[PDB]
Amino acid sequence: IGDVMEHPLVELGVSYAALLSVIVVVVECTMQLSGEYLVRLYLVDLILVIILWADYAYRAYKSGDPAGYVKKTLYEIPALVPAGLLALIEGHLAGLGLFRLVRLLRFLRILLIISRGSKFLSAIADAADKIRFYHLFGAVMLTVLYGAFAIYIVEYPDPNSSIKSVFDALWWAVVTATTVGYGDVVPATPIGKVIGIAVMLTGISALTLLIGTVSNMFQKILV
Amino acid sequence: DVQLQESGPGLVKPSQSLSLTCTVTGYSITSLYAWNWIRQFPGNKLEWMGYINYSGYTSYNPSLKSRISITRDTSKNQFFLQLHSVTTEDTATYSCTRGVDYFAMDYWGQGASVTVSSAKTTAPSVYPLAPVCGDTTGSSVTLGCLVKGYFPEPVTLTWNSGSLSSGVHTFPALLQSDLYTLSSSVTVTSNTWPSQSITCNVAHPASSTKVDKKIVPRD
Amino acid sequence: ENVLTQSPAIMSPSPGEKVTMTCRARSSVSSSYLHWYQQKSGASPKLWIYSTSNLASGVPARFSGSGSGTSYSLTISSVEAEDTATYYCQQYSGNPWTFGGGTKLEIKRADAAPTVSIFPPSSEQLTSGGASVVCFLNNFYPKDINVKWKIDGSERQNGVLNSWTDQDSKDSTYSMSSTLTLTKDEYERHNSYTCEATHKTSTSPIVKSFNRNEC
Amino acid sequence: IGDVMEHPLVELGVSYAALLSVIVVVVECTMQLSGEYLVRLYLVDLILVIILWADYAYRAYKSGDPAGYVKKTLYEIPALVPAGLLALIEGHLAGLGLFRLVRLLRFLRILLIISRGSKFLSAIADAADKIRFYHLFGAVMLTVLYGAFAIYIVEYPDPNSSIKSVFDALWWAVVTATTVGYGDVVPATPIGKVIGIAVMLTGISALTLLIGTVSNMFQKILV
Amino acid sequence: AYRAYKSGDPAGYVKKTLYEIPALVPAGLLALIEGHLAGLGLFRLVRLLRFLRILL
């Protein structure tokens, strides 16, 4: 501008705001999708459940004894059973609109819980502080997915986009989000790239917390 | 308790953007009042150019409207003036003031000279005018400083950095071809000098010349 | 361009006298958007009176301002040396702000002759290869004065630069420098250099001088 | 040197200072370009504006009702209108050099603002703390651009530099700045690389704050 | 040097500098004076100047 104002820095600075804007939208609506407290709050807290049941079951087949594994558990963890019964009793009190009593049991629970424990609150916490990780793991791997999915849409068509399988689109999303960027799977569609910047912006920032947390868990098994 | 300070090139070649940077202190340009640029022509005419206020909304003067562009940098507390393609006529003394209620400007900056010309900026030589060899006119003593051959205007001249201002007369720079010449006299008391030392401190921004020349009597 | 017109153009009051200035606009201006500034020689304007009659800061009460419509007036109950300057009115009506042509104001002083002082070239300069002979004519009144250079008794016009200070605030007098500039050669070829300051104060001029052969 | 001083560590240590120096300059002038408080302070705070208007407009077309979206807004957010009027009134007071009154209104605003709010200052803050992100997003994506642009200049010419399109040069800049480095787009010009080190040095360090911030926003929608 | 060639004036850039940054020159002289005091094993005085520097 120190020269009767520059022409170049006119028709371009507004052409870029037209490109970022796209991403900002794609990005913005991704933080909404995974933000839907009804859509995402169930999809995640569910994906989580299927993580355990489908896990525990495996740690159960590696024992030959299917139910054998089940008893060994209800056994090594005694509280797991009197707790279940409380849950059932609280729930039958609830189902009957008998909340006054529910008020009670819930409290008569805390006591019963404190008592039978002192190194117990640790096992419950270390367990809670455990499902929380499993929660995060979802939320993240979930946002990753979108990117993957989104890249699928605008890439599946074009000739030899490398992004054929829906899985192939996940590989790209994951490799990208981790910043590893192998490269065996790049978009190839000028538009698929516009999106790639958002999947990158998101997937990395998101994957970061994960690794960040997964990296705190490690500095504990090494100490 | 406040002050703005014009700063920038003191010379610009015909049809090139004239630029200035007024940095105000003791007040925020984003709190209130309008901050405008006022230029004073050689004939000593005053022409308001335009402003930019606390909210950052610019009001220019119709005549300059297609060349002028007042902007600011809230961060450093300073706004600037830009004039596209200046001409010999745009040569004047630009300065920033602060517009207050009903637009009365209460705080004017030092005033910044700006010459538009193809002439090359040249550095000045300054000499010590130490009195004759026996000019006892009385109990008074006069000495001087001759600063000649510089471009463009202005040059700054003080005596003993300023701790000396009574009995000083600094004559307006006179323009010869494309070079200025300027002198300054200063009268002290026969006993005041040469006992205590007196020095001429001149400085010519454009040529980046700064020299403090001591006035010693000679033979 | 609601042009403002000031009068008179010049004004030569005397210490103690009263005096008024005028500022008239093409269109009308709101009394509260009229301002006056006092520009002292070689300085930027100072707000002197805002909104027609309100005296700005340090302004002494010897001053005052009044008027309205398309005619305003700045008045000094009594002038004093420190008053030498130029006053500009400012208005704000239309889009463009506007100033008057200003009104110079020089005080009248008691005719007093100059105090001439002459300086030979400086050993520094001569070495650089040049020789200017400076002759100062300080604190004198009135402004109109004339110097005449005489090298070896002969008048010289060739290469003489004159400069005048505007009217002095303290004593309301003027000063002036004239520099005769010869080459180092022409200089060391003549012997006596003298400047004659002729002036209203006297019939014969004051005159300082020196011969190149110093002690 | 412990052997009558080594020759190799002479003519090379000064040959490297001649290479870094380049980068240091390229780098240095990039921190100046995006630092220009006049050039960058408007290009960014502008790119930002075009981000919203061009965003809001889209969130408006996804409703079929163009102006319908506009009213729904002036409605769900009541303050947005009495505020605008204050802005207009403050501004007409300003335009008239009536700053004394402007002093007033601005204050009579703060009051009027505190009152109608308590969970409001949150919506204003969460909004301000929001445009700030949009600001950063620019500043960064802006420095990225340069690199991209710069790589364009010294790469566009050479035969099959991969960096053909000006967009292609952005892809490289972005992929690089994120440290993903797919590789489908590398310089190829020995000089283009000298610059690549600076775009990397800059683009990464810059992109980092972005992701760093974009990563804080996430640990909030997952908590 | 490069920020100096981008100005056409090589030494022009140099003066503009010694000028915009006044202290850069009286400092250099102190450095030279401290050093000549040092070179002469006159560390007592060097002690001084170094302190008369902090003040200044």
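By written order: A, B, C, D and E. Residues from 1 in each chain.
One rule holds in what follows: a residue touches a chain if its C-beta (ideal position, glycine included) is under 8 Å from a C-beta of that chain, and two chains touch if they have at least 3 such contacts.
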By mean Cα position, the chain sitting nearest the middle: D
Result of counting contacting C-beta pairs for B-E and B-C, higher pair: B-C
Rounded Å distance between chain B and chain C, as computed from the means of their C-alpha atoms: 18
Separation of chain D from chain E, taking each centre as the mean of its C-alpha atoms, in whole Å: 40
Centroid spacing, where centroids are CA-atom means, of chain C and chain D in whole angstrom: 56
Approximate Å spacing (C-alpha centroids) for the pair chain B, chain E: 28
Multi-chain contact sites of chain D, meaning residues that touch two or more partners: 97
For chain B, residues that touch 2 or more chains besides their own: 59, 100-103
Sequence positions of chain C contacting 2 or more other chains: 33, 92
Chain E residues touching chain B - in the complex, by the definition given at the top: 12, 15-16, 18-19, 22
Contact set on chain B toward chain C in their complex: 36, 40, 44-48, 59, 61-63, 93, 95, 100-106, 108-111, 125, 127-135, 137, 140, 142, 144, 146, 148, 169-174, 176, 181-183, 185, 187, 213, 218-219
Interface residues, chain B side, partner chain A - complex: 16-17, 19, 69, 82, 84-85
Chain B-facing residues of chain C, complex: 1, 30, 32-33, 35, 37, 42-47, 50-51, 56-57, 86, 88, 90, 92, 95-99, 101-102, 115, 117-125, 128, 132, 134, 136, 138-139, 161-166, 168, 175-177, 179, 208, 210, 214-215
Chain B - residues contacting chain E, complex: 205, 207-210
